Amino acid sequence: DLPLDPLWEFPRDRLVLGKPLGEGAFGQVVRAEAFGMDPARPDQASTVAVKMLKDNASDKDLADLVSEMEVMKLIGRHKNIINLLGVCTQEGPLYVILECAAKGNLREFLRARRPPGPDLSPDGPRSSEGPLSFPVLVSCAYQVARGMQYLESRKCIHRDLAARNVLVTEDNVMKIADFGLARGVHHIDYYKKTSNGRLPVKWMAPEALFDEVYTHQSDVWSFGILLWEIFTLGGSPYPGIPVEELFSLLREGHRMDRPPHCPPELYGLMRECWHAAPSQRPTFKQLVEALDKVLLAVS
(Lines of atoms letter the chains of each structure in order from A and count residues from 1; the text may use other names and numbers.)
(Lines give C-alpha, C1' and ligand atoms only; values in the text may rest on other atoms or scores of the structure.)
Protein backbone atom coordinates (compact mmCIF):
# COMPACT_ATOMS: atom_id res chain seq x y z
CA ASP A 1 0.00 0.00 0.00
CA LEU A 2 0.80 3.62 0.67
CA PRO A 3 3.02 4.10 3.74
CA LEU A 4 1.49 4.05 7.21
CA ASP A 5 1.13 7.50 8.76
CA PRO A 6 0.38 6.77 12.44
CA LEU A 7 -0.78 10.35 13.11
CA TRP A 8 -3.84 9.81 10.91
CA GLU A 9 -4.36 6.10 10.32
CA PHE A 10 -7.65 4.77 11.70
CA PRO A 11 -8.51 1.04 11.81
CA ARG A 12 -10.94 0.31 8.99
CA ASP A 13 -12.75 -2.30 11.09
CA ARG A 14 -13.92 0.55 13.38
CA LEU A 15 -16.01 1.88 10.46
CA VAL A 16 -19.49 0.69 9.55
CA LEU A 17 -20.34 2.10 6.13
CA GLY A 18 -23.85 3.46 5.67
CA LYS A 19 -25.91 5.13 2.96
CA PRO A 20 -24.11 7.05 0.19
CA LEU A 21 -24.11 10.85 0.31
CA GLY A 22 -22.90 11.76 -3.17
CA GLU A 23 -20.35 11.36 -5.93
CA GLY A 24 -17.76 13.74 -7.32
CA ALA A 25 -15.45 13.81 -10.34
CA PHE A 26 -13.09 11.39 -8.57
CA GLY A 27 -14.59 9.67 -5.61
CA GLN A 28 -17.73 8.93 -3.76
CA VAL A 29 -18.74 9.86 -0.22
CA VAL A 30 -20.74 7.63 2.11
CA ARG A 31 -21.89 8.19 5.63
CA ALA A 32 -20.48 5.84 8.24
CA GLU A 33 -20.46 5.11 11.93
CA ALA A 34 -16.99 5.24 13.51
CA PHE A 35 -16.14 3.66 16.88
CA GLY A 36 -13.45 5.32 18.95
CA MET A 37 -12.54 8.24 16.70
CA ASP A 38 -11.52 9.72 20.05
CA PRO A 39 -8.99 7.18 21.40
CA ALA A 40 -9.93 8.12 24.96
CA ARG A 41 -13.45 6.78 24.25
CA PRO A 42 -12.65 3.70 22.14
CA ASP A 43 -16.22 2.32 22.10
CA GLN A 44 -17.97 5.64 21.45
CA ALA A 45 -19.92 5.95 18.19
CA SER A 46 -19.81 8.98 15.92
CA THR A 47 -21.13 9.66 12.42
CA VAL A 48 -18.53 10.55 9.80
CA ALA A 49 -18.29 10.98 6.03
CA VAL A 50 -15.96 8.59 4.19
CA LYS A 51 -14.54 9.41 0.78
CA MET A 52 -13.26 6.56 -1.38
CA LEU A 53 -12.65 5.73 -5.01
CA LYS A 54 -15.47 4.84 -7.37
CA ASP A 55 -15.61 1.36 -8.88
CA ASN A 56 -14.39 2.54 -12.31
CA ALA A 57 -11.42 4.33 -10.76
CA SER A 58 -8.30 5.14 -12.79
CA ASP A 59 -4.75 5.81 -11.61
CA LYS A 60 -5.45 9.53 -11.95
CA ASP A 61 -8.52 9.15 -9.71
CA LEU A 62 -6.31 7.51 -7.07
CA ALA A 63 -3.65 10.20 -7.36
CA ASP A 64 -6.37 12.83 -7.01
CA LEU A 65 -7.72 11.21 -3.85
CA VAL A 66 -4.22 10.87 -2.37
CA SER A 67 -3.58 14.54 -3.15
CA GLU A 68 -6.80 15.53 -1.42
CA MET A 69 -5.82 13.44 1.61
CA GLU A 70 -2.46 15.19 1.81
CA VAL A 71 -4.05 18.66 1.53
CA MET A 72 -6.51 17.76 4.30
CA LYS A 73 -3.62 16.59 6.51
CA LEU A 74 -1.80 19.92 6.16
CA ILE A 75 -4.80 22.24 6.37
CA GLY A 76 -5.22 21.96 10.13
CA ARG A 77 -8.45 22.31 12.05
CA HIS A 78 -10.95 25.14 11.82
CA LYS A 79 -14.57 25.43 12.96
CA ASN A 80 -15.71 26.57 9.52
CA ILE A 81 -14.16 23.91 7.29
CA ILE A 82 -14.84 20.19 6.92
CA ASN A 83 -12.01 18.70 8.96
CA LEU A 84 -10.03 15.52 8.39
CA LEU A 85 -10.60 12.91 11.09
CA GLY A 86 -8.49 9.99 9.84
CA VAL A 87 -7.50 7.81 6.92
CA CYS A 88 -7.50 4.11 6.08
CA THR A 89 -4.53 3.27 3.87
CA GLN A 90 -3.41 -0.19 5.01
CA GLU A 91 -4.75 -3.61 3.99
CA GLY A 92 -7.76 -2.43 2.04
CA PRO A 93 -9.19 0.41 -0.02
CA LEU A 94 -8.15 4.00 0.54
CA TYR A 95 -10.60 5.89 2.77
CA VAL A 96 -10.44 9.56 3.75
CA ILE A 97 -12.58 10.10 6.85
CA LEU A 98 -14.04 13.58 7.35
CA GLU A 99 -16.60 15.36 9.47
CA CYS A 100 -20.21 14.79 8.42
CA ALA A 101 -22.55 17.78 8.08
CA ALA A 102 -26.01 16.58 8.94
CA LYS A 103 -28.05 19.31 7.20
CA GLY A 104 -26.39 18.94 3.79
CA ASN A 105 -25.18 21.79 1.66
CA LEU A 106 -26.04 25.45 2.12
CA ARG A 107 -27.96 25.72 -1.15
CA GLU A 108 -30.31 22.85 -0.22
CA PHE A 109 -30.51 24.14 3.37
CA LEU A 110 -31.74 27.54 2.19
CA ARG A 111 -34.05 26.24 -0.54
CA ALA A 112 -35.85 23.97 1.93
CA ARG A 113 -36.36 26.89 4.32
CA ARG A 114 -37.92 29.53 2.13
CA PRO A 115 -40.74 31.42 3.87
CA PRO A 116 -44.35 30.23 3.49
CA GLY A 117 -46.04 31.37 0.31
CA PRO A 118 -49.13 33.55 0.14
CA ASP A 119 -51.21 30.45 -0.73
CA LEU A 120 -51.05 28.95 2.77
CA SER A 121 -53.96 29.35 5.16
CA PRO A 122 -52.93 31.06 8.43
CA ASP A 123 -52.66 28.48 11.22
CA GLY A 124 -51.53 29.76 14.60
CA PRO A 125 -49.63 32.89 15.60
CA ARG A 126 -46.53 32.37 13.39
CA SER A 127 -48.04 31.53 10.01
CA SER A 128 -45.95 34.16 8.18
CA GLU A 129 -42.65 33.40 9.95
CA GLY A 130 -40.32 31.21 7.91
CA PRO A 131 -37.31 29.47 9.41
CA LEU A 132 -34.79 31.97 8.05
CA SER A 133 -34.16 35.39 9.60
CA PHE A 134 -31.83 38.12 8.41
CA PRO A 135 -29.28 37.79 11.26
CA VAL A 136 -28.98 34.06 10.63
CA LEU A 137 -28.38 34.66 6.91
CA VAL A 138 -25.68 37.19 7.82
CA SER A 139 -24.14 34.70 10.23
CA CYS A 140 -24.01 32.09 7.45
CA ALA A 141 -22.13 34.59 5.27
CA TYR A 142 -19.80 35.60 8.11
CA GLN A 143 -18.97 31.98 8.91
CA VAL A 144 -18.11 31.23 5.26
CA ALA A 145 -15.86 34.30 5.19
CA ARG A 146 -14.14 33.11 8.39
CA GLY A 147 -13.53 29.65 6.92
CA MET A 148 -12.15 31.17 3.71
CA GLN A 149 -9.94 33.50 5.72
CA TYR A 150 -8.54 30.44 7.45
CA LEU A 151 -8.01 28.55 4.20
CA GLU A 152 -6.32 31.61 2.69
CA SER A 153 -3.97 31.82 5.69
CA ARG A 154 -2.95 28.23 4.89
CA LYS A 155 -2.34 29.20 1.22
CA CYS A 156 -5.36 27.16 0.02
CA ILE A 157 -7.38 28.42 -2.97
CA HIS A 158 -10.78 26.78 -3.29
CA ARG A 159 -11.44 27.42 -7.02
CA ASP A 160 -15.15 26.49 -6.87
CA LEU A 161 -16.53 28.27 -3.83
CA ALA A 162 -20.33 28.10 -4.04
CA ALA A 163 -23.23 27.46 -1.68
CA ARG A 164 -23.34 23.81 -2.77
CA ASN A 165 -19.74 23.47 -1.50
CA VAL A 166 -20.59 24.83 1.96
CA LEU A 167 -22.06 22.25 4.30
CA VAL A 168 -24.29 22.87 7.31
CA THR A 169 -24.03 21.01 10.61
CA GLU A 170 -26.80 20.05 13.04
CA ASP A 171 -25.98 23.34 14.85
CA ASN A 172 -26.08 25.50 11.71
CA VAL A 173 -22.30 25.82 11.57
CA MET A 174 -21.05 26.48 8.04
CA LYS A 175 -18.19 24.29 6.90
CA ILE A 176 -16.42 24.85 3.61
CA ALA A 177 -16.03 21.53 1.79
CA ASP A 178 -13.96 20.26 -1.12
CA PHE A 179 -11.28 22.95 -0.83
CA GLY A 180 -8.33 20.66 -1.35
CA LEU A 181 -9.22 19.40 -4.80
CA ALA A 182 -7.79 18.72 -8.19
CA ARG A 183 -10.38 20.38 -10.41
CA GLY A 184 -8.84 19.96 -13.87
CA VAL A 185 -8.59 23.71 -14.40
CA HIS A 186 -6.93 23.39 -17.80
CA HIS A 187 -9.81 21.29 -19.15
CA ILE A 188 -13.05 22.81 -17.85
CA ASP A 189 -16.11 22.20 -20.03
CA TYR A 190 -17.63 25.65 -19.49
CA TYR A 191 -20.98 24.46 -20.90
CA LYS A 192 -21.24 21.55 -18.45
CA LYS A 193 -24.48 21.39 -16.46
CA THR A 194 -24.65 19.12 -13.42
CA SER A 195 -27.41 16.61 -12.64
CA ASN A 196 -29.07 19.28 -10.48
CA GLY A 197 -28.83 21.92 -13.22
CA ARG A 198 -25.81 23.86 -11.92
CA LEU A 199 -23.52 25.71 -14.36
CA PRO A 200 -20.26 26.01 -12.35
CA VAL A 201 -18.89 28.56 -14.82
CA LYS A 202 -21.24 31.07 -13.16
CA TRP A 203 -19.02 31.17 -10.04
CA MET A 204 -15.71 31.75 -11.85
CA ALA A 205 -13.90 35.04 -11.53
CA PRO A 206 -13.17 36.63 -14.92
CA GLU A 207 -9.41 36.16 -14.57
CA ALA A 208 -10.03 32.47 -13.92
CA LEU A 209 -12.53 32.02 -16.75
CA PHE A 210 -10.73 34.09 -19.38
CA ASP A 211 -7.10 33.75 -18.25
CA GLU A 212 -6.95 30.54 -16.13
CA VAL A 213 -5.50 32.63 -13.28
CA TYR A 214 -6.61 31.74 -9.75
CA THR A 215 -5.73 33.69 -6.61
CA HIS A 216 -7.41 34.23 -3.27
CA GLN A 217 -9.09 37.22 -4.94
CA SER A 218 -10.71 34.90 -7.49
CA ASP A 219 -12.22 33.09 -4.49
CA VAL A 220 -13.46 36.50 -3.27
CA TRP A 221 -15.35 36.90 -6.55
CA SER A 222 -16.94 33.49 -5.98
CA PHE A 223 -17.78 34.51 -2.42
CA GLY A 224 -19.77 37.42 -3.84
CA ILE A 225 -21.76 34.95 -5.94
CA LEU A 226 -22.26 32.87 -2.80
CA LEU A 227 -23.50 35.99 -0.96
CA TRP A 228 -26.09 36.46 -3.71
CA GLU A 229 -27.07 32.79 -3.31
CA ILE A 230 -27.56 33.33 0.44
CA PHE A 231 -29.71 36.42 0.03
CA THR A 232 -31.86 34.79 -2.65
CA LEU A 233 -32.35 31.82 -0.27
CA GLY A 234 -30.52 29.49 -2.64
CA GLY A 235 -31.24 31.11 -6.00
CA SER A 236 -29.23 30.17 -9.07
CA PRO A 237 -27.01 33.00 -10.31
CA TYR A 238 -27.44 34.96 -13.54
CA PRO A 239 -31.09 33.92 -13.82
CA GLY A 240 -32.08 32.69 -17.25
CA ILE A 241 -28.66 33.39 -18.80
CA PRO A 242 -27.09 30.46 -20.72
CA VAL A 243 -23.33 30.09 -20.89
CA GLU A 244 -22.91 31.62 -24.37
CA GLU A 245 -24.69 34.77 -23.19
CA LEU A 246 -22.77 34.76 -19.92
CA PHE A 247 -19.47 35.00 -21.78
CA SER A 248 -20.56 38.07 -23.72
CA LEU A 249 -22.20 39.73 -20.71
CA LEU A 250 -19.06 39.30 -18.62
CA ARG A 251 -16.98 40.84 -21.41
CA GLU A 252 -19.35 43.84 -21.21
CA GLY A 253 -19.04 44.08 -17.41
CA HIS A 254 -22.53 42.81 -16.59
CA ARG A 255 -23.31 42.16 -12.93
CA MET A 256 -26.33 40.63 -11.22
CA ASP A 257 -29.06 42.93 -9.95
CA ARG A 258 -29.72 43.55 -6.28
CA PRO A 259 -32.08 40.75 -5.21
CA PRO A 260 -35.40 41.49 -3.49
CA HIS A 261 -35.31 41.94 0.28
CA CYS A 262 -31.54 42.39 0.35
CA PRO A 263 -30.22 45.48 2.18
CA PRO A 264 -27.83 47.79 0.34
CA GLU A 265 -25.02 46.91 2.74
CA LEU A 266 -25.08 43.34 1.43
CA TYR A 267 -25.53 44.22 -2.23
CA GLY A 268 -22.67 46.70 -1.79
CA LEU A 269 -20.43 43.88 -0.55
CA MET A 270 -21.49 41.71 -3.52
CA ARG A 271 -20.56 44.46 -5.96
CA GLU A 272 -17.18 45.00 -4.26
CA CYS A 273 -16.47 41.28 -4.59
CA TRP A 274 -17.20 41.59 -8.31
CA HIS A 275 -14.92 44.51 -9.05
CA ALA A 276 -13.13 43.81 -12.30
CA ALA A 277 -9.65 44.31 -10.85
CA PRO A 278 -8.80 41.61 -8.29
CA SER A 279 -6.91 44.15 -6.15
CA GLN A 280 -10.09 46.25 -5.90
CA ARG A 281 -12.08 43.43 -4.32
CA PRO A 282 -12.06 43.11 -0.51
CA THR A 283 -9.86 40.52 1.11
CA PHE A 284 -11.40 37.76 3.17
CA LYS A 285 -10.12 39.51 6.29
CA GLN A 286 -11.98 42.65 5.23
CA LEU A 287 -15.12 40.64 4.46
CA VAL A 288 -15.01 39.00 7.90
CA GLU A 289 -14.80 42.46 9.49
CA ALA A 290 -17.55 43.97 7.33
CA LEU A 291 -19.91 41.07 7.95
CA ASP A 292 -19.13 41.02 11.67
CA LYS A 293 -20.14 44.68 11.93
CA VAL A 294 -23.50 43.92 10.33
CA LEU A 295 -23.96 40.77 12.42
CA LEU A 296 -23.23 42.60 15.66
CA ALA A 297 -25.54 45.49 14.76
CA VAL A 298 -28.46 43.12 14.11
CA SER A 299 -27.79 40.76 17.04
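So that there is no doubt, residue numbering starts at 1 and follows the sequence shown.
When the two stretches 264-272 and 24-32 are set side by side, the higher mean Cα temperature factor goes to 24-32. Two stretches are in play, 100-108 and 114-122, and the higher mean C-alpha B-factor belongs to 114-122.
In this entry, the residue among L181, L84, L151, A163 with the greatest C-alpha B factor is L181.
Across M69, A63, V243, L250, the greatest Cα temperature factor reported in the deposited entry is at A63. Among the modelled residues of its chain, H216 has a C-alpha B-factor that falls in the middle third, as given in the PDB entry. Sorting the modelled residues of the chain by their CA temperature factor places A40 in the highest third. The deposited CA B-factor of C88 belongs to the middle third of values across its chain. Per the PDB record, residue ranking by Cα B-factor puts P239 in the middle third of the chain. Sorting the modelled residues of the chain by their CA temperature factor places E229 in the lowest third.
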